[PDB]
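Peer 1: Sequence plus experimental coordinates follow:
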Amino acid sequence: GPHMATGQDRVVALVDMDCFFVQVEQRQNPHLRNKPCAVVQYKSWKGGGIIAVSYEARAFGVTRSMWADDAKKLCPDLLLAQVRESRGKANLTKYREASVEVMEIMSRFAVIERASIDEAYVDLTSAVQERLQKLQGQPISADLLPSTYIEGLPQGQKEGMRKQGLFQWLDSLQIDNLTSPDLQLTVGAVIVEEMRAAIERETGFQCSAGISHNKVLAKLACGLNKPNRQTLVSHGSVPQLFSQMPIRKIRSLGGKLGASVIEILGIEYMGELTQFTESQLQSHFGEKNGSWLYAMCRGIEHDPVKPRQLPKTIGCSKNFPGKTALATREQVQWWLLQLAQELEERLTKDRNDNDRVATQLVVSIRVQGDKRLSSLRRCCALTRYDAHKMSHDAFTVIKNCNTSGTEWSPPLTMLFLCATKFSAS
DNA sequence: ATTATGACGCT
Ligand SMILES: [Mn+2]
Ligand SMILES: [Mn+2]
């Protein structure tokens, strides 16, 4: 009872830009704003592959990983913006720079963990304590939370429901106890409203956010009310929320492990996990996953918000699917040089912006007909930022997968070059 | 033939 810690020590938010690549292109091209539109890579094969979809387009059924020509069959008015192409490949530079704008704003409020190009986690515990002291017992007004949903409320028109739920939550709030977890989440959400307002002011970009006591719940909350809304998931709301949450919806259970949880244990929803002892879960899924599942199904996760705004690796990848697979020495050399040239550009920019050099070069390839996504992965030294040297070294390091007797066999369906092992410069 | 990345765990 008194000693069963409930993992309410922290306030953690997950901020995620709504259809990020689409918004970047819509800021740049006003003709796309408030339209069904999507961002694509390439244009020859089936119109190109969609990697980002506006909410207007989603309402027609357009999804990521779908061909533009098929999307156009669901949504004939769909507008398309194309990723930049450089040295024969997709170049995501515009979005990395837009991402950095956003990250730098978020960093003004608290320490952030860049979790992907369009989303970051925030540790708000210190910010909330400071702010709670600043109120000096003053109660929290609904006006401070204009886009916040309280998950699980109301109990017992869309905006009408939102406001009822918020009213229930705020009426039930104990503003004098500077140590109540629910008060702390609430103040955290006020700060997140401010962060999202500053992001929109200063970039034009809208985002959603989740506010809870840990990373997994913050992330799950962020998705409950998209777009341009934020959702507070309290400790108390976990039992009902999880009672019908499919296991696959939780971060890291979306794949094979989640499928084996479902199959082995004979269950469907996160909440069912509570009925198993910790040892039972560790037995089925190993000691780490077992402890983690035993606490997660109760709303408790201890993974910290890492103070890391910048990517830990810088990578360059191109698939050569179908009949485009690389089959000669000349071909493999030229594409390794194109990849190495983009990598050199990004690395030099990184060294100047962020005072660090990479020291290790990772070369990965896929060969045709190989089941694996990485047919091979080998590392060598990365000593100077020179594309000719990096491409030569990647060759040097992969060339003994050629089984020919100036040809290349098995032909390569993927090249990948990744700079890693960063050291302060 | 949806692709381009990137974190992290296992061994
Ligand atoms: Mn997003
Ligand atoms: Mn998405």
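Peer 2: On my side now, so go ahead. Numbers count the residues shown, from 1 in each chain, chains lettered A, B, ... in the order given. Ligands and ions are numbered 1, 2, ... in the order given.
Peer 1: Residue A:332 - that's part of a helix, no?
Peer 2: Yes: assignment of residue A:332 by DSSP: H, G, I helix; E, B strand; the rest coil places it within a helix.
Peer 1: With DNA strand B as the reference, measure out to it.
Peer 2: Separation of residue A:332 from DNA strand B (C-beta to the nearest atom of the strand, to the nearest Å) stands at 15 Å. Every residue, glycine included, has its C-beta placed from N, CA and C.
Peer 1: which residues sit in contact with the residue lying closest to that residue once chain neighbours are set aside?
Peer 2: Of all residues not flanking residue A:332 in the chain, residue A:326 sits nearest, at 5.1 Å (C-beta to C-beta, 6 or more residues apart in numbering). Residues in contact with residue A:326 (C-beta atoms under 8 Å, 6 or more residues apart in numbering) are A:320, A:332, A:335, A:408, A:411-412, A:415.
Peer 1: Mind doing that once more with 6 Å?
Peer 2: Residues near residue A:326 by C-beta atoms under 6 Å, 6 or more residues apart in numbering: A:320, A:332, A:411-412.
Peer 1: in the stretch 101-250 of chain A, which spans are helices?
Peer 2: Along the stretch 101-250 of chain A, counting by DSSP state H, counting those that start in this stretch, helices occupy A:125-135, A:158-171, A:181-203, A:215-222, A:238-242.
Peer 1: Redo those helices as CSV? Include mean neighbour count and distance to DNA strand B.
Peer 2: Output for the helices of the stretch 101-250 of chain A, formatted as CSV (neighbours: other C-beta atoms under 10 Å; distance: least, C-beta to the nearest atom of the strand, whole Å):
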stretch, mean neighbour count, distance to DNA strand B
helix A:125-135, 15, 19
helix A:158-171, 15, 32
helix A:181-203, 20, 19
helix A:215-222, 25, 10
helix A:238-242, 20, 23
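Peer 1: mind checking which of those is nearest ligand 1?
Peer 2: When these are ranked by proximity to ligand 1, the top entry is helix A:215-222, at 8.9 Å, counting by C-beta to the ion.
Peer 1: Dig out what residue A:367 forms beta bridges with.
Peer 2: Per DSSP bridges, the residues bridged to residue A:367 are residue A:412.
Peer 1: tally of neighbours for it?
Peer 2: 20 (other C-beta atoms under 10 Å).
Peer 1: and what of the one 10 residues further on?
Peer 2: For residue A:377, the neighbour count with other C-beta under 10 Å is 13.
Peer 1: To which secondary structure element type does it belong?
Peer 2: Following three-state DSSP, residue A:377 is assigned to strand.
Peer 1: Okay, the residue at minimal distance from the centre of chain A and DNA strand B: tell me how far apart.
Peer 2: Nearest to the geometric centre of chain A sits residue A:116, at 4.1 Å (C-alpha atoms, centre = their mean). According to C-beta to the nearest atom of the strand, residue A:116 and DNA strand B sit 7 Å apart.
Peer 1: which stretches of the stretch 251-400 of chain A form helices?
Peer 2: Assigned helices in the stretch 251-400 of chain A, in chain order: A:256-265, A:278-285, A:287-296, A:329-354, A:387-398 (criterion: DSSP H, counting those that start in this stretch).
Peer 1: wait, does the last one make contact with DNA strand B?
Peer 2: No: no part of helix A:387-398 sits close enough to DNA strand B to count as contact by C-beta under 7 Å from any atom of the strand; the gap is at least 14.2 Å.
Peer 1: Could you list the domains of chain A?
Peer 2: A:1-18+A:89-246, A:19-88, A:247-304, A:305-425 (curated CATH domains).
Peer 1: what's the distance between the longest one and the middle of its chain?
Peer 2: This means domain A:1-18+A:89-246. 16 Å (C-alpha atoms, centre = their mean, to the nearest Å).
Peer 1: and what of stretch A:266-276?
Peer 2: 26 Å.
Peer 1: Now do it: everything it contacts.
Peer 2: Contacts of stretch A:266-276 (C-beta under 6 Å, 6+ apart): A:242-245, A:247, A:293, A:297.
Peer 1: Just those: which are in strands?
Peer 2: Nothing among the contacts of stretch A:266-276 maps onto strands, per DSSP state E.
Peer 1: Pull up the residues of chain A that are close to ligand 1.
Peer 2: Within reach of ligand 1 by C-beta under 5 Å from the ion, chain A has these residues: A:16-17, A:118.
Peer 1: for those, which one is nearest residue A:255?
Peer 2: residue A:16 (20.0 Å; C-beta to C-beta).
Peer 1: count of neighbours near residue A:246?
Peer 2: For residue A:246, using other C-beta under 10 Å, the count is 13.
Peer 1: Please report how far it lies from residue A:262.
Peer 2: Noted for residue A:246: a distance of 9 Å to residue A:262, by C-beta to C-beta, to the nearest Å.
Peer 1: Okay, buried residues for stretch A:417-425 please.
Peer 2: Buried residues in stretch A:417-425, counting neighbours by 16 or more other C-beta atoms under 10 Å, are found at A:417-419, A:422.
Peer 1: I meant to write stretch A:43-58 there.
Peer 2: So for stretch A:43-58, counting by 16+ other C-beta under 10 Å, buried means A:47-54, A:56-58.
Peer 1: As JSON lines, the residues you listed with distance to residue A:255 and secondary structure would be great.
Peer 2: Supplementary listing: those in JSON lines, determined by distance: C-beta to C-beta, whole Å; DSSP: H, G, I helix; E, B strand; the rest coil:
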{"residue": "A:47", "distance to residue A:255": "29", "secondary structure": "helix"}
{"residue": "A:48", "distance to residue A:255": "27", "secondary structure": "coil"}
{"residue": "A:49", "distance to residue A:255": "21", "secondary structure": "strand"}
{"residue": "A:50", "distance to residue A:255": "22", "secondary structure": "strand"}
{"residue": "A:51", "distance to residue A:255": "20", "secondary structure": "strand"}
{"residue": "A:52", "distance to residue A:255": "22", "secondary structure": "strand"}
{"residue": "A:53", "distance to residue A:255": "22", "secondary structure": "strand"}
{"residue": "A:54", "distance to residue A:255": "27", "secondary structure": "coil"}
{"residue": "A:56", "distance to residue A:255": "30", "secondary structure": "helix"}
{"residue": "A:57", "distance to residue A:255": "27", "secondary structure": "helix"}
{"residue": "A:58", "distance to residue A:255": "23", "secondary structure": "helix"}
